Amino acid sequence: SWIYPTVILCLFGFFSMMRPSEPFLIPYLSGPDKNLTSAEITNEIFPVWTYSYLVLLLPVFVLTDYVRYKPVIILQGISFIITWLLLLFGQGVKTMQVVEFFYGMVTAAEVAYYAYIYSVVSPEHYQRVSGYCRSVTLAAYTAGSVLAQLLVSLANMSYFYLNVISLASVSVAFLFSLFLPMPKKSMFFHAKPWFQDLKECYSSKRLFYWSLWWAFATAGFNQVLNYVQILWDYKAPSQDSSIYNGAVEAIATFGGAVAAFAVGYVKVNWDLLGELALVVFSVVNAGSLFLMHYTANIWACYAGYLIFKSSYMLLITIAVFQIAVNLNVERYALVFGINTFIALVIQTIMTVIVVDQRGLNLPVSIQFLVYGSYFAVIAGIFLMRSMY
Ligand SMILES: Cc1ncc(C[n+]2csc(CCO)c2C)c(N)n1
């Protein structure tokens, strides 16, 4: 059968991604509860996340197939508990970097969470259970941001209690994570009957350029998803007017879900339109990031994030569809693992150069000009490849 591990995995997926304090994190740190300047948050604290998601990406896969997918989720649950407990009680510029380290390990073990599906389930429901679990996680994050902003704007709720709610939700997620079945076989190591065949994998012109774009777009979206809240804080601090972070990130994630639903139900010639459909929405992404940089009204920057996140989820779902058709299931996770490693190398290089003190030590203003130029260079590369 398949239904019980699906139900426990979707319960873990709902109560993990219900993090109501997640949109309001940058008003929580720079707010009156802590003594943290926004220069130290922009330039010393958040880049550690990218660092911790590079150095702990490749070992976690090694600690995924060997433990056959169960205890890495339990490590993610312990990571949840440690991260939000340190968000509750932790003080200083030193402890908040440890927070970013453990949040990097959270983002690392998310891949093992998704990879448990093809390990425990009988192969008749490889399509059904994965789409179910991903939909449950997306609905969890959307409803979490909805409940967050409603409780804040209509409940006089300080942010510390919202982190308490987040701790409780990820703690309940840790209590569901223990009650999963250890699967019978893994996907690479513990299969009872690959380096030399790996050159044959990326020897495909329909699979290299799309993977390269997935890497650059994933790095850019992780950067923008990091620093968009510090940009929102810079445009209008939380002590002036009560900003609406949870509602806008909720509508943005809902639009991302609508875009991902809209990718798989449009029947046009993909090779002919794809030399244009990538280009126009890449221009949309570049214009959205430029719009968030140049503006001074806060709803204009919110609308820039809405248009950017919907356009990214559109184009990156198109990319995931244009990779997945050719290969099998076992090669799919290896290809996306190498692609994710390349994306985090690119994001680490760009975060050392642009963001951190070892590079330029930039404020959050000029940063989004650089990220908009990065996606504009991406759109120019697509325009040049259409011109070939
Ligand atoms: C503890 C912690 N939380 C969030 C971020 C930044 N961040 C990563 S993803 C995301 C939104 C996901 O939809 C945000 C705001 C961070 N650096 N550390």
# chains A, B, ... in the order shown; residues from 1 in each chain; ligands from 1

$ residues_around --residues "residue A:87" --least-positions-apart "6" --cutoff "12 Å" --atoms "only C-alpha atoms" --output "PyMOL selection string"
chain A and resi 21-22+25-26+28-29+33-34+80-81+95-100+102-103+159-164+166-167

$ write_last_selection --atoms "C-alpha atoms" --output "compact mmCIF listing (two decimals), in the first residue's frame"
# COMPACT_ATOMS: atom_id res chain seq x y z
CA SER A 21 7.01 34.08 11.78
CA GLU A 22 8.78 33.47 8.47
CA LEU A 25 11.59 37.79 10.29
CA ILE A 26 13.31 41.00 9.23
CA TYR A 28 11.58 40.73 14.15
CA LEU A 29 15.35 41.16 14.06
CA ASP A 33 13.05 43.27 20.51
CA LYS A 34 16.72 43.16 19.43
CA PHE A 80 13.62 23.25 13.02
CA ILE A 81 13.47 23.09 16.82
CA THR A 95 24.18 33.51 17.71
CA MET A 96 22.17 34.73 14.75
CA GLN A 97 24.83 33.35 12.43
CA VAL A 98 24.28 29.97 14.13
CA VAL A 99 20.58 30.48 13.38
CA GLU A 100 21.47 30.94 9.72
CA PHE A 102 20.87 25.64 11.12
CA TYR A 103 18.44 27.19 8.65
CA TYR A 159 6.29 39.02 16.77
CA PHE A 160 7.79 36.95 19.59
CA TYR A 161 4.50 35.12 20.03
CA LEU A 162 4.46 34.48 16.28
CA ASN A 163 7.87 32.82 16.60
CA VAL A 164 6.36 30.83 19.50
CA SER A 166 6.33 28.73 14.59
CA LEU A 167 8.25 26.77 17.23

$ closest_atom_pairs --of "chain A" --to "ligand 1" --cutoff "10 Å" --atoms "only C-alpha atoms and all ligand atoms" --output "CSV"
residue,atom,partner,partner_atom_place_in_ligand_line,distance
A:17,CA,ligand 1,13 (O),9.1
A:19,CA,ligand 1,12 (C),9.6
A:21,CA,ligand 1,3 (N),8.9
A:22,CA,ligand 1,15 (C),6.0
A:23,CA,ligand 1,15 (C),5.8
A:24,CA,ligand 1,15 (C),8.1
A:25,CA,ligand 1,3 (N),6.7
A:26,CA,ligand 1,15 (C),8.0
A:41,CA,ligand 1,17 (N),9.5
A:42,CA,ligand 1,17 (N),9.9
A:45,CA,ligand 1,17 (N),7.7
A:46,CA,ligand 1,17 (N),4.7
A:47,CA,ligand 1,17 (N),7.3
A:48,CA,ligand 1,17 (N),7.9
A:49,CA,ligand 1,17 (N),5.5
A:50,CA,ligand 1,17 (N),7.9
A:80,CA,ligand 1,1 (C),9.3
A:83,CA,ligand 1,1 (C),6.7
A:84,CA,ligand 1,1 (C),7.6
A:86,CA,ligand 1,1 (C),9.5
A:87,CA,ligand 1,1 (C),7.6
A:96,CA,ligand 1,1 (C),8.6
A:97,CA,ligand 1,18 (N),9.1
A:98,CA,ligand 1,1 (C),9.6
A:99,CA,ligand 1,1 (C),6.0
A:100,CA,ligand 1,18 (N),5.2
A:101,CA,ligand 1,18 (N),8.5
A:102,CA,ligand 1,1 (C),7.9
A:103,CA,ligand 1,1 (C),5.2
A:104,CA,ligand 1,18 (N),7.8
A:106,CA,ligand 1,1 (C),9.1
A:107,CA,ligand 1,8 (C),8.5
A:138,CA,ligand 1,13 (O),9.5
A:141,CA,ligand 1,13 (O),7.4
A:142,CA,ligand 1,13 (O),9.2
A:145,CA,ligand 1,13 (O),9.6
A:221,CA,ligand 1,9 (S),9.5
A:222,CA,ligand 1,9 (S),7.1
A:223,CA,ligand 1,8 (C),8.5
A:224,CA,ligand 1,7 (N),9.0
A:225,CA,ligand 1,10 (C),5.4
A:226,CA,ligand 1,6 (C),4.3
A:227,CA,ligand 1,6 (C),7.1
A:228,CA,ligand 1,15 (C),7.7
A:229,CA,ligand 1,15 (C),6.7
A:230,CA,ligand 1,15 (C),9.4
A:249,CA,ligand 1,13 (O),7.7
A:250,CA,ligand 1,13 (O),9.3
A:252,CA,ligand 1,13 (O),9.4
A:253,CA,ligand 1,13 (O),7.7
A:309,CA,ligand 1,13 (O),9.9

$ closest_residue --among "A:295, A:218, A:386, A:245" --to "residue A:315" --atoms "only C-alpha atoms"
A:218

$ closest_residue --among "A:31, A:372, A:59, A:256" --to "residue A:337" --atoms "only C-alpha atoms"
A:59

$ closest_residue --among "A:52, A:156, A:340, A:288" --to "residue A:213" --atoms "only C-alpha atoms"
A:340

$ select_by_dssp --residues "stretch 166-383 of chain A" --states "helix (DSSP H, G or I)" --output "PyMOL selection string"
chain A and resi 166-177+198-201+205-235+245-263+270-294+298-324+330-355+364-383

$ atom_distance --atom1 "atom CA of residue A:20" --atom2 "atom CA of residue A:291"
27.2 Å

$ atom_distance --atom1 "atom CA of residue A:115" --atom2 "atom CA of residue A:205"
26.4 Å

$ atom_distance --atom1 "atom CA of residue A:173" --atom2 "atom CA of residue A:137"
12.2 Å

$ closest_residue --among "A:147, A:11, A:301, A:289" --to "residue A:170" --atoms "only C-alpha atoms"
A:11

$ residues_around --residues "stretch 259-274 of chain A" --least-positions-apart "6" --cutoff "7 Å" --atoms "only C-alpha atoms" --output "JSON, numbers by chain"
{"A": [310, 313, 314, 317, 318]}

$ residues_around --residues "residue A:3" --least-positions-apart "5" --cutoff "10 Å" --atoms "only C-alpha atoms" --output "compact mmCIF listing (two decimals) with N, CA, C and O atoms, in the first residue's frame"
# COMPACT_ATOMS: atom_id res chain seq x y z
N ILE A 8 1.28 10.57 6.79
CA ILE A 8 2.22 11.09 7.79
C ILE A 8 3.20 12.07 7.17
O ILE A 8 3.55 13.09 7.80
N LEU A 9 3.58 11.86 5.91
CA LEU A 9 4.50 12.78 5.26
C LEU A 9 3.82 14.10 4.92
O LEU A 9 4.45 15.15 4.99
N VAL A 121 7.07 4.60 -1.52
CA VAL A 121 5.80 4.36 -2.20
C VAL A 121 6.01 3.35 -3.32
O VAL A 121 7.08 3.32 -3.95
N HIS A 125 2.17 4.93 -7.83
CA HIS A 125 1.80 6.25 -7.32
C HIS A 125 3.00 7.17 -7.17
O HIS A 125 3.04 8.00 -6.26
N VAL A 129 1.70 10.79 -5.33
CA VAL A 129 2.11 11.12 -3.97
C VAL A 129 3.05 12.33 -3.97
O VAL A 129 2.98 13.17 -3.06

$ decode --residues "stretch 97-221 of chain A" --atoms "C-alpha atoms" --output "JSON list (two decimals), in the first residue's frame"
[["chain", "number", "residue", "atom", "x", "y", "z"],
["A", 97, "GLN", "CA", 24.83, 33.35, 12.43],
["A", 98, "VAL", "CA", 24.28, 29.97, 14.13],
["A", 99, "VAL", "CA", 20.58, 30.48, 13.38],
["A", 100, "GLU", "CA", 21.47, 30.94, 9.72],
["A", 101, "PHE", "CA", 23.67, 27.82, 9.80],
["A", 102, "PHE", "CA", 20.87, 25.64, 11.12],
["A", 103, "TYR", "CA", 18.44, 27.19, 8.65],
["A", 104, "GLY", "CA", 20.86, 26.20, 5.91],
["A", 105, "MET", "CA", 20.72, 22.64, 7.21],
["A", 106, "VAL", "CA", 16.91, 22.90, 7.13],
["A", 107, "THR", "CA", 17.02, 23.94, 3.47],
["A", 108, "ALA", "CA", 19.50, 21.12, 2.85],
["A", 109, "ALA", "CA", 17.29, 18.37, 4.26],
["A", 110, "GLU", "CA", 14.23, 19.58, 2.31],
["A", 111, "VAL", "CA", 15.59, 17.65, -0.71],
["A", 112, "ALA", "CA", 15.70, 14.44, 1.32],
["A", 113, "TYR", "CA", 12.12, 15.12, 2.43],
["A", 114, "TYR", "CA", 11.04, 15.21, -1.21],
["A", 115, "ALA", "CA", 13.19, 12.20, -2.11],
["A", 116, "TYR", "CA", 11.59, 9.90, 0.50],
["A", 117, "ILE", "CA", 8.45, 9.76, -1.70],
["A", 118, "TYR", "CA", 9.97, 7.66, -4.47],
["A", 119, "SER", "CA", 11.59, 5.40, -1.86],
["A", 120, "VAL", "CA", 8.66, 4.38, 0.33],
["A", 121, "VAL", "CA", 5.80, 4.36, -2.20],
["A", 122, "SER", "CA", 5.00, 1.61, -4.70],
["A", 123, "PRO", "CA", 5.82, 2.89, -8.22],
["A", 124, "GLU", "CA", 2.19, 3.07, -9.39],
["A", 125, "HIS", "CA", 1.80, 6.25, -7.32],
["A", 126, "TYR", "CA", 5.10, 8.01, -8.06],
["A", 127, "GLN", "CA", 3.11, 10.71, -9.84],
["A", 128, "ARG", "CA", 0.30, 11.02, -7.31],
["A", 129, "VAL", "CA", 2.11, 11.12, -3.97],
["A", 130, "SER", "CA", 4.80, 13.60, -5.06],
["A", 131, "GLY", "CA", 2.28, 16.08, -6.42],
["A", 132, "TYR", "CA", 0.17, 15.64, -3.28],
["A", 133, "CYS", "CA", 3.11, 16.32, -0.95],
["A", 134, "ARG", "CA", 4.35, 19.33, -2.90],
["A", 135, "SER", "CA", 0.82, 20.78, -2.98],
["A", 136, "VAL", "CA", 0.50, 20.26, 0.78],
["A", 137, "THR", "CA", 3.76, 22.11, 1.41],
["A", 138, "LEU", "CA", 2.77, 25.02, -0.86],
["A", 139, "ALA", "CA", -0.67, 25.30, 0.75],
["A", 140, "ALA", "CA", 0.99, 25.17, 4.17],
["A", 141, "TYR", "CA", 3.29, 28.10, 3.40],
["A", 142, "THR", "CA", 0.50, 30.15, 1.79],
["A", 143, "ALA", "CA", -1.93, 29.55, 4.66],
["A", 144, "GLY", "CA", 0.84, 30.20, 7.16],
["A", 145, "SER", "CA", 1.55, 33.63, 5.73],
["A", 146, "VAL", "CA", -2.22, 34.32, 5.57],
["A", 147, "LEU", "CA", -2.76, 33.42, 9.23],
["A", 148, "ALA", "CA", 0.40, 35.34, 10.16],
["A", 149, "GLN", "CA", -0.63, 38.64, 8.63],
["A", 150, "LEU", "CA", -4.22, 38.34, 9.83],
["A", 151, "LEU", "CA", -3.17, 37.68, 13.43],
["A", 152, "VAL", "CA", -0.68, 40.56, 13.28],
["A", 153, "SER", "CA", -2.96, 43.16, 11.73],
["A", 154, "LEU", "CA", -6.09, 42.16, 13.69],
["A", 155, "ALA", "CA", -4.83, 40.69, 16.95],
["A", 156, "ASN", "CA", -2.27, 43.20, 18.41],
["A", 157, "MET", "CA", 0.20, 40.32, 18.24],
["A", 158, "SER", "CA", 3.86, 40.93, 18.93],
["A", 159, "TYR", "CA", 6.29, 39.02, 16.77],
["A", 160, "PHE", "CA", 7.79, 36.95, 19.59],
["A", 161, "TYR", "CA", 4.50, 35.12, 20.03],
["A", 162, "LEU", "CA", 4.46, 34.48, 16.28],
["A", 163, "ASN", "CA", 7.87, 32.82, 16.60],
["A", 164, "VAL", "CA", 6.36, 30.83, 19.50],
["A", 165, "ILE", "CA", 3.62, 29.64, 17.12],
["A", 166, "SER", "CA", 6.33, 28.73, 14.59],
["A", 167, "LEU", "CA", 8.25, 26.77, 17.23],
["A", 168, "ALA", "CA", 5.07, 24.93, 18.17],
["A", 169, "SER", "CA", 4.29, 24.10, 14.54],
["A", 170, "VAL", "CA", 7.75, 22.77, 13.77],
["A", 171, "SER", "CA", 7.69, 20.88, 17.09],
["A", 172, "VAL", "CA", 4.45, 19.17, 16.04],
["A", 173, "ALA", "CA", 6.26, 18.48, 12.76],
["A", 174, "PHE", "CA", 9.04, 16.82, 14.75],
["A", 175, "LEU", "CA", 6.45, 14.67, 16.51],
["A", 176, "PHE", "CA", 5.06, 13.47, 13.17],
["A", 177, "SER", "CA", 8.51, 12.85, 11.70],
["A", 178, "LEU", "CA", 9.35, 10.04, 14.13],
["A", 179, "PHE", "CA", 6.29, 8.01, 13.13],
["A", 180, "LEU", "CA", 7.30, 7.20, 9.54],
["A", 181, "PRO", "CA", 8.24, 3.76, 8.23],
["A", 182, "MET", "CA", 11.89, 3.13, 7.44],
["A", 183, "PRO", "CA", 11.70, 2.17, 3.74],
["A", 184, "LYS", "CA", 13.00, -1.08, 2.36],
["A", 185, "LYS", "CA", 15.47, 0.21, -0.24],
["A", 186, "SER", "CA", 17.19, 3.48, -1.04],
["A", 187, "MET", "CA", 17.77, 4.83, -4.54],
["A", 188, "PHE", "CA", 21.55, 4.67, -5.00],
["A", 189, "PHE", "CA", 23.43, 2.93, -2.18],
["A", 190, "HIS", "CA", 21.10, 0.32, -0.67],
["A", 191, "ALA", "CA", 19.54, -1.05, -3.86],
["A", 192, "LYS", "CA", 20.27, -4.77, -4.17],
["A", 193, "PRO", "CA", 20.94, -5.77, -7.84],
["A", 194, "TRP", "CA", 27.69, 5.16, -11.55],
["A", 195, "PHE", "CA", 30.61, 7.56, -11.78],
["A", 196, "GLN", "CA", 31.71, 6.34, -15.21],
["A", 197, "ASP", "CA", 28.19, 6.64, -16.64],
["A", 198, "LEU", "CA", 27.89, 10.21, -15.33],
["A", 199, "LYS", "CA", 29.61, 11.66, -18.41],
["A", 200, "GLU", "CA", 26.81, 10.15, -20.51],
["A", 201, "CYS", "CA", 24.24, 12.05, -18.43],
["A", 202, "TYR", "CA", 24.98, 15.67, -19.41],
["A", 203, "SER", "CA", 25.97, 14.72, -22.96],
["A", 204, "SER", "CA", 22.74, 16.21, -24.28],
["A", 205, "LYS", "CA", 22.07, 19.60, -25.85],
["A", 206, "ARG", "CA", 18.45, 19.45, -24.68],
["A", 207, "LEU", "CA", 19.58, 18.89, -21.06],
["A", 208, "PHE", "CA", 22.70, 21.03, -20.51],
["A", 209, "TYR", "CA", 21.53, 24.57, -21.29],
["A", 210, "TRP", "CA", 18.24, 24.15, -19.41],
["A", 211, "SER", "CA", 20.15, 22.79, -16.41],
["A", 212, "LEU", "CA", 22.57, 25.72, -16.63],
["A", 213, "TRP", "CA", 19.69, 28.16, -16.65],
["A", 214, "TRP", "CA", 18.05, 26.30, -13.76],
["A", 215, "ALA", "CA", 21.28, 26.74, -11.80],
["A", 216, "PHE", "CA", 21.61, 30.48, -12.47],
["A", 217, "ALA", "CA", 17.90, 31.14, -11.93],
["A", 218, "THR", "CA", 17.88, 29.10, -8.71],
["A", 219, "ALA", "CA", 20.87, 31.06, -7.40],
["A", 220, "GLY", "CA", 19.24, 34.35, -8.31],
["A", 221, "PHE", "CA", 15.91, 33.41, -6.76]]
